[PDB]
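Novice: Numbering (PDB author numbering), first residue to last: 238 to 550, 562 to 767.
Cβ atoms here follow ideal geometry from the backbone N, Cα and C, with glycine treated the same way.
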Ligand code: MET
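(1) Counting along the chain, where does the alpha helix (DSSP H) carrying residue 418 start and finish?
(2) Is residue 577 helix, strand or coil by DSSP?
(3) Looking at ligand 1, does it come within less than 6 Å of residue 249, judged from the CB to the closest heavy atom?
(4) Looking at the structure shown, is residue 324 part of a helix, part of a strand, or coil, going by DSSP?
(5) Is the CB-CB distance between residue 549 and residue 516 below 7 Å?
(6) Hey, would you say residue 290 sits closer than 7 Å to residue 368, going by beta carbons?
(7) Can you name the start and end residues of the beta strand (DSSP E) that residue 363 belongs to?
(8) In angstroms with no decimal places, state the Cα-to-Cα distance between residue 480 and residue 329.
(9) Based on the DSSP secondary-structure assignment, which residues constitute the bridge partners of residue 386?
(10) Is the distance from the Cβ of residue 532 to the Cβ of residue 509 below 7 Å?
(11) Can we say the stretch 620 to 634 touches the stretch 693 to 703, given the rule of at least three CB pairs closer than 8 Å?
(12) Would you mind listing the alpha helix (DSSP H) stretches within the stretch 651 to 727 that are 4+ residues and don't spill past its ends, in chain order?
(13) Would you kindly check if the distance between the Cβ of residue 712 and the Cβ of residue 668 is under 7 Å?
(14) Provide the residue span of the beta strand (DSSP E) that contains residue 542, from first to last.
(15) Answer with buried or exposed for residue 652, where buried requires no fewer than 16 other C-beta atoms within 10 angstroms of its C-beta.
(16) Which value, in whole angstroms, describes the spacing of the CA atoms of residue 725 and residue 536?
(17) If we ignore side chains and look at the alpha-carbon of each, how far apart do residue 607 and residue 596 end up?
(18) Just the C-alpha distance for residue 661 and residue 388, rounded to the nearest angstrom, thanks.
(19) How long is the line joining the alpha carbons of residue 610 and residue 472, rounded to whole angstroms?
(20) I need the straight-line Cα distance from residue 482 to residue 323, nearest angstrom please.
(21) Taking the straight line between their C-alpha atoms, what separation do you get for residue 766 and residue 327?
(22) Return the CA-CA distance between residue 396 and residue 364, expressed in angstroms with no decimal places.
(23) Any heavy atom of ligand 1 closer than 6 Å to the Cβ of residue 550?
(24) Give a yes or no on whether the C-beta atoms belonging to residue 243 and residue 647 are separated by under 7 Å.
(25) How is the alpha helix (DSSP H) around residue 345 delimited, first residue to last?
(26) Have a look at 735, 238 and 491 and flag the residue whose alpha-carbon is nearest the alpha-carbon of residue 276.
(27) Which residues share a DSSP beta bridge with residue 497?
(28) If I'm right that residue 407 touches residue 348 with Cβ under 8 Å, what's the distance once you round it to whole angstroms?
(29) Would you please state the rounded distance, in angstroms, between the beta carbons of residue 489 and residue 499? I believe it to be under 8 Å.
(30) How would you write the range of the alpha helix (DSSP H) that residue 274 sits in, first residue to last?
(31) From which residue to which residue does the beta strand (DSSP E) around residue 281 run?
(32) Buried or exposed: residue 513, going by 16 or more other Cβ atoms within 10 Å of its Cβ?
(33) Using beta-carbon positions only, say whether residue 547 and residue 464 come within less than 7 Å of one another.
(34) Any idea what DSSP makes of residue 516, helix, strand or coil?
Put into structure tokens, the structure is as follows:
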């Protein structure tokens with residue numbers, strides 16, 4: 238089905254200021270978004286803020302400000318952070334938005350009409366910080382900020398409290414068999430694979446019904462009212478998860494403001510998400526509750542949920569981007585960690601990767617193929633006959649787009665970067681063997697062949713890196729003199745798409761692409 242590629246970040250709680258966790262989650266969302274745009278697809282990338290609930294209201298009360306003022310302020314800090322980080326997200330949703338609330342009520346009403354919401358009790362543990370219901374097996378003894386002996390979440394270590402409320406209850410237990418069918422029928426729907434296995438084990442163990450409302454006093458009245466029962470408010474997670482549906486139904490203008498909410502999601506061709514990006518801490522909500530809601534409502538299910546190794550919720565990313573470069577930082581975060589949390593975030597290692605990979609591997613190579621010394625005519629030369637060594641490198645360059653594409657689609661952005669850099673290392677090796685600096689005098693016919701391959705290797709690697717390094721890719725292409733039309737589209741993944749005779753861009757006397765730093 239030709240649709241709009243719909244990729245989401247989670248919507249972030251506004252109890253605290255934006256931080257690296259949020260920036261990472263939204264970076265992954267953004268990169269996926271960018272890759273599909275580079276592929277020539279229609280894209281709708283979504284991010285935003287999760288503004289209702291007990292936690293946000295209590296954080297606003299601690300600041301001695303009204304929940305409305307506080308959410309608006311913090312949402313502003315989030316918006317500004319994401320502008321600073323130079324993302325290309327299509328819309329920023331807020332759960333306080335009136336159109337969002339409409340969609341929630343509409344969804345609630347469907348679930349109710351379907352017979353899947355009933356009036357019952359929740360008597361059990363709850364983590365206000367996680368906004369999560371927990372069984373007694375998921376808690377242990379612990380300490381709080383008054384040093385007192387309390388109970389805490391095994392998940393997150395935050396304080397838990399016993400709740401005993403009459404609550405609207407969603408019949409999650411009825412969806413165990415259908416969820417298991419879904420997981421088994423769609424074995425790539427949860428990535429990475431060990432998290433897919435974790436979800437399945439949990440659903441196999443059995444599912445309780447889920448409390449989807451709370452008494453309004455418990456939430457300090459800071460929530461969406463239940464349709465036809467103002468004594469109750471809608472659970473912040475049903476509220477929150479529904480942002481993805483709301484987002485898929487908003488017409489947005491050129492400045493990024495929502496102008497209209499369509500009735501039927503099919504009108505905008507976004508729903509359901511192709512990729513939900515989340516942290517590992519909210520997997521249950523996205524892989525169990527969310528599909529169960531959609532199943533109840535007869536709505537289509539997402540294609541993939543990708544759960545990274547970090548938590549959704562010092563090291564300030566805007567500070568480090570100003571210190572080391574924006575694209576460089578993004579590169580580092582995406583390169584340094586896969587789905588394991590174990591990975592070394594340190595000035596030592598940021599500099600190791602900056603110098604080793606960005607400067608010495610990529611940057612070095614860009615300068616070699618464009619310098620006046622080696623590229624004497626300042627153009628893409630026409631190649632002479634290819635040796636078997638030439639062919640071996642060409643093969644790597646030809647194969648790379650297909651390999652990188654599979655990685656980007658999993659999605660595993662670390663592996664995609666690695667694949668591209670393997671080819672970059674190969675090109676450096678090739679350039680070392682051929683010694684094109686010697687060939688300017690010794691054999692100019694041979695240099696044409698060597699230079700051309702080098703240029704084309706640089707173009708193709710750069711094109712596949714352009715979702716990771718959106719600014720630097722533009723600079724590289726300007727130096728190489730790659731016309732705008734050749735900077736995107738699957739057609740331009742092909743070897744040879746830029747014809748010989750293309751002139752390089754002008755240089756400037758101070759130009760480095762990535763400046764190395766002191767160790
Ligand atoms: C529907 S995604 C909700 C994410 C949640 N607000 C968090 O900050 O973890």
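Specialist: Working from what's here:
(1) Residue mapping note: residue 418 aligns to position 181 of the chain shown, counting from 1. Taken as a continuous stretch (DSSP letters only), the alpha helix (DSSP H) holding residue 418 covers 413 to 422.
(2) Along the chain shown, read from residue 1 onward, the residue named residue 577 stands at position 329. If DSSP states are grouped into helix, strand and coil, residue 577 belongs with the helices.
(3) Counted from its first residue, the chain shown places residue 249 at position 12. Checking the Cβ of residue 249 against ligand 1 gives yes.
(4) Your numbering for residue 324 matches position 87 in the chain shown. Of the three classes helix, strand and coil, the one that applies to residue 324 here is coil, per DSSP.
(5) Taking the first residue of the chain shown as 1, we reach residue 549 at position 312. Taking the first residue of the chain shown as 1, we reach residue 516 at position 279. Contact flag set, yes.
(6) For the purposes of this step, residue 290 is identified with residue 53 of the chain shown, where counting begins at 1. For the purposes of this step, residue 368 is identified with residue 131 of the chain shown, where counting begins at 1. In this structure, residue 368 lies closer than 7 Å to residue 290 by Cβ.
(7) Position 126 of the chain shown, counting from 1, holds the residue named residue 363. From DSSP, the beta strand (DSSP E) with residue 363 extends over 354 to 364.
(8) In the chain shown, counting from the first residue as 1, residue 480 sits at position 243. In the chain shown, counting from the first residue as 1, residue 329 sits at position 92. Cα to Cα, the separation comes out at about 10 Å.
(9) Translated into positions along the chain shown, residue 386 becomes position 149. 380, per the DSSP bridge assignment.
(10) Position 295 of the chain shown holds residue 532. Position 272 of the chain shown holds residue 509. It is not a contact, given that the beta carbons lie outside the stated cut-off.
(11) yes
(12) 661 to 682, 684 to 690 and 692 to 713
(13) Residue mapping note: residue 668 aligns to position 420 of the chain shown, counting from 1. Residue mapping note: residue 712 aligns to position 464 of the chain shown, counting from 1. Yes.
(14) Numbered from its first residue, the chain shown carries residue 542 at position 305. Start and end: 541 to 545.
(15) Reading the chain shown from its first residue, position 404 is the one you call residue 652. Result: buried.
(16) Locating residue 725 in the chain shown gives position 477, counting from the first residue. Locating residue 536 in the chain shown gives position 299, counting from the first residue. Distance between the alpha carbons of residue 725 and residue 536: 43 Å.
(17) Walking along the chain shown from the start, residue 607 turns up at place 359. Walking along the chain shown from the start, residue 596 turns up at place 348. Residue 607 and residue 596: Cα-Cα distance of roughly 15 Å.
(18) The sequence position of residue 661 within the chain shown is 413, counting from 1. The sequence position of residue 388 within the chain shown is 151, counting from 1. In a straight line, the C-alpha of residue 661 is about 38 Å away from that of residue 388.
(19) In the chain shown, residue 610 corresponds to position 362, counting from 1. In the chain shown, residue 472 corresponds to position 235, counting from 1. One C-alpha to the other measures close to 49 Å.
(20) Here residue 482 refers to the residue found at position 245 of the chain shown. Here residue 323 refers to the residue found at position 86 of the chain shown. Each residue's Cα considered, the two are about 25 Å apart.
(21) The residue labelled residue 766 in the question sits at position 518 within the chain shown. The residue labelled residue 327 in the question sits at position 90 within the chain shown. When rounded, the distance between both Cα atoms is 38 Å.
(22) The sequence position of residue 396 within the chain shown is 159, counting from 1. The sequence position of residue 364 within the chain shown is 127, counting from 1. Cα to Cα, the separation comes out at about 6 Å.
(23) Taking the first residue of the chain shown as 1, we reach residue 550 at position 313. Flag set: Cβ of residue 550 near ligand 1.
(24) Stepping through the chain shown from its first residue, residue 243 is reached at position 6. Stepping through the chain shown from its first residue, residue 647 is reached at position 399. No, the Cβ-Cβ distance between residue 243 and residue 647 is not below 7 Å.
(25) Locating residue 345 in the chain shown gives position 108, where the first residue counts as 1. Per DSSP, residue 345 belongs to the alpha helix (DSSP H) from 335 to 350.
(26) Within the chain shown, numbered from 1, the residue matching residue 276 stands at position 39. Ranking 735, 238 and 491 by Cα distance to residue 276 puts 735 first.
(27) If you number the chain shown from 1, residue 497 lands on position 260. Bridge partners of residue 497: 488.
(28) If you number the chain shown from 1, residue 407 lands on position 170. If you number the chain shown from 1, residue 348 lands on position 111. Rounded, the Cβ-Cβ distance is 7 Å, consistent with contact.
(29) Within the chain shown, the letter at position 252 stands for residue 489. Within the chain shown, the letter at position 262 stands for residue 499. At roughly 11 Å, the Cβ-Cβ gap does not stay under 8 Å, so residue 489 and residue 499 are not in contact.
(30) Residue mapping note: residue 274 aligns to position 37 of the chain shown, counting from 1. Run containing residue 274: 257 to 275, per the alpha helix (DSSP H) assignment.
(31) Along the chain shown, one-based indexing puts residue 281 at 44. Start and end: 280 to 287.
(32) Taking the chain shown and counting its residues from 1, one reaches residue 513 at position 276. By the 10 Å Cβ count, residue 513 comes out buried.
(33) For the purposes of this step, residue 547 is taken as the residue at position 310 of the chain shown. For the purposes of this step, residue 464 is taken as the residue at position 227 of the chain shown. Cβ distance not < 7 Å, so residue 547 and residue 464 don't count as in contact.
(34) As a working mapping, residue 516 is identified with position 279 in the chain shown. Correct three-state label for residue 516: strand.
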